[PDB]
């Protein structure tokens, strides 16, 4: 038990030569008599002795060994943010969600201590940030900044999306994507960013509109009046964004709650070139609104001429 203490000391201090002189199949998984009662692997992991960790693992150290608190060496690596140690342990089969006596996982420890880098690693290896410790608190609950909380949430949703795709779980893919911010709806009037972008008076509105669509915005989204972005753009003669909507397959004949197309609204506002653009995109001038009107029947003579030309 005198050589044991020397071995544990070699592990804590990173003394490779002394470790290998003292390490045998009989003491590789010994515990300290006092303190945390760590194994050499606990010590090497907690004090970031990468090389010692590798040699212990090569010579039979048990990644599931416990200390006085139920910690495995992964807890020690993660709590102190030693990235490389953490990955080696995981490579040699450490349980990524191992629980100590208080049901803290390695992720609890890394998040608790603001070890951002290690949390991402743990999540890539299947760490569940929803698992609760004995106080019902999850790892996200323990992240001390809102930046880490949003990152933990992002990465866990990322990995969850990949698994659901592997299983062609249409319901779950559809679920998570619905909570993406690209389709956020204004609580009262239900417009999306795409409605707001095509109505903008600022000169980057075309590039914003293109970006939103590239990132998944629904080109035919209805607001509370069932207006699409095309309706909003057409009644304002924002022709530049209407071309973007068309290129992304906007439905030219979608109907608002009055049964009106985008072309009805362009004709009502008297926007001649807009009417022309809409016709060239395949707007159907024959559609009758719920109040009984075609576009031409709502427009002035110049509008009626455009629809006739």
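Residue numbers count along the first chain shown, from 1.
Two stretches are in play, 91-99 and 193-201, and the higher mean C-alpha B-factor belongs to 91-99. Averaged over Cα atoms, the B-factor as recorded in the entry is higher for 139-147 than for the other of 233-241 and 139-147. Of the residues listed, 180, 167, 128, 225, the entry assigns the biggest Cα temperature factor to 128. The maximum CA B-factor among the listed residues 50, 267, 250, 255, taken from the PDB record, is found at 50. The entry lists a Cα temperature factor for residue 184 that places it in the lowest third of the chain's modelled residues.
Among the modelled residues of its chain, residue 36 has a C-alpha B-factor that falls in the highest third according to the deposited record. When the modelled residues of the chain are ordered by C-alpha B-factor, residue 23 sits in the middle third. Placement of the Cα temperature factor of residue 108 within the chain: middle third of the modelled residues, per the deposited record.
When all modelled residues of the chain are sorted by CA temperature factor, residue 152 is found within the middle third.
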